[PDB]
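Report on the structure
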Amino acid sequence: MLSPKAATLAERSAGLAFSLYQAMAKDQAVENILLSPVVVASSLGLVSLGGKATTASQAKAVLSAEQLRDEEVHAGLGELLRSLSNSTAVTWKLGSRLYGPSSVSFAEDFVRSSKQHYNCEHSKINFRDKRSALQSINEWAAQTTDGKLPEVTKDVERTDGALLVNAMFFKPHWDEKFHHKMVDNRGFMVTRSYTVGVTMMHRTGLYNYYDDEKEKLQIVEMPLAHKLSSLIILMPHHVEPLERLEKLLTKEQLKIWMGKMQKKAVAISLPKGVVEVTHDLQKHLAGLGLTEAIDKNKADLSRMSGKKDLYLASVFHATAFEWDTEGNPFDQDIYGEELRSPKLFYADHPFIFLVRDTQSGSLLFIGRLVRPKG
Amino acid sequence: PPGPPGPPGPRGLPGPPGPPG
Amino acid sequence: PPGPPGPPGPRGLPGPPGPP
Amino acid sequence: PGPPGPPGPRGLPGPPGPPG
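Residues numbered from 1 in each chain as written, not as in the entry; some residues may be left out. Chains lettered and ligands numbered in written order. Heavy atoms only, no water.

- This entry lists X-ray crystallography as its structure determination method and reports a resolution of 2.4900 Å.

- Under the PDB entry, chain A has the name Collagen-binding protein and belongs to Canis lupus familiaris.

Here's what the structure looks like:
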């Protein structure tokens, strides 16, 4: 059970991830999206923890947690982070590490606080040694994800300042497993004129389902292990850019869609494999209000080093999302020709997905799959 | 013993628009 | 072992008329 | 005992529309 303060920050993080998604969805350079709301909110908590004055005040405003004390934000986000750690093998790996220049030293109090509240590690690298800098970052994320995330980025954009790197691996464990041999090769339609071959897993069972004939989209709910969380997939009827769906994706509309669902025989076919997405949230967080933290001339990150040396150059959000057949073994579904003519949820074109905690309703994941890999 | 065949697949995409007159 | 894949779906609808 | 097969592939895309 979450404390009422951590529960309020859970809805604060979910709202922040929504705006992050919409902001990145407008970016024609962004393809797949993968955001963990508690990890995003943790980035603003680190800027507030290691900053003062407007630099720390803006980070709290982007989180919309102005009516809460600073130590309430760190403690609340700290409880939220540890709540997800207590629900692993679904398999969930997380690493957070700050990278600063060699000319700068980290203040001991900030190292103690960031490690206690956000599990944040600290490292110094020579950004001008581009090869050694990337290797130090990529090898740390690969070690954190046990090779599932072999590399974060191929280029460091600003050779002065701080890089906040988050490396994550998530593997949904279904409450009802897929058959490990129910996989074959299918064509995934990135567009109507672009088809890439992928592996697809198929299961037919009883799922919460709603067909929106008005706005032309499908919604299915896939419960995770022991129904402690759920994976919701939204897919338009036609092969089209998700921009039309993203204008309907709101907190209010999602609830309306959840209430119209009903348990029906549904044949679910999803791409199978590991999706690797790396985001640089730094410029998008600035567009939400985190302006001073990224300005090399105005940033106040003095709590990080003691004498105002650093500025937020990058906030790396790197995730490896594995779709797999593994799940819980379910007893017979023998009292259920129910699955003889099931509704087809044939996900061979881009879709929006999110992971919701069943107990609190807090957003564990939000993203989309527009271009898989095979 | 292999199980029965699966259900029919989804209907194909609508055709592209015709050429100009 | 799992059964074989079902039959392919019906061919999509014809496209709209072109421009004049 | 074998589970039922997966759904078949998508049908062919529809024919192009008439010339406008």
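A closer look at the environment of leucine 81 of chain A
All names here are of chain A.
- You can see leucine 81 is positioned in helix α4 (residues 70–85).
- A sequence separation of 74 residues divides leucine 81 from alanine 7, and the C-alpha atoms of the two residues are 12 Å apart.
- Once residues lying within four places of it in the same chain are set aside, the contact partners of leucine 81 are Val38, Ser42, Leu94, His117 and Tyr118. (Helix = DSSP H or I, 4+ residues; strand = E, 2+ residues; numbered from the N terminus. Contact = heavy atoms within 4.5 Å.)

Side note on the interface of chain D and chain C
- Each partner contributes residues to the interface: chain D has 19 residues there, and chain C has 20 residues.
- Buried surface at the junction of chain D and chain C, summed over both partners, amounts to about 1200 Å²; 58% is from carbon and sulfur atoms.
- Looking only at chain D, the three residues that lose the most surface to chain C are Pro6, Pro15 and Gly20 of chain D, adding up to 32% of its buried area.
- Counting the contacts that link chain D with chain C gives zero salt bridges.
- Along the contact surface separating chain D from chain C lie seven residue pairs in polar contact.
- Classifying every residue of the side of chain D that touches chain C by side-chain character gives eleven nonpolar, seven polar and one charged. (Buried area = accessible area lost by both parts, 1.4 Å probe. Salt bridge = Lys/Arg side-chain N within 4 Å of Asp/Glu carboxyl O. Polar contact = N/O pair within 3.5 Å; in protein donor to acceptor, adjacent residues only side chain to side chain. Nonpolar A, V, L, I, M, F, W, Y, C, P; charged D, E, K, R; others polar.)

Notes on the interface of chain B and chain D
- Counting from both sides, the interface comprises 20 residues of chain B and, opposite them, 20 residues of chain D.
- Of the roughly 1200 Å² buried between chain B and chain D, counting both surfaces, carbon and sulfur atoms make up 58%.
- Among the residues of chain B in contact with chain D, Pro10, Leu13 and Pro19 of chain B are the three that bury the most area, contributing 28% of the side total.
- The tally of links between chain B and chain D comes to zero salt bridges.
- Our enumeration of links across chain B and chain D arrives at seven residue pairs in polar contact.
- By residue class, the composition of the side of chain B that touches chain D is twelve nonpolar, seven polar and one charged.

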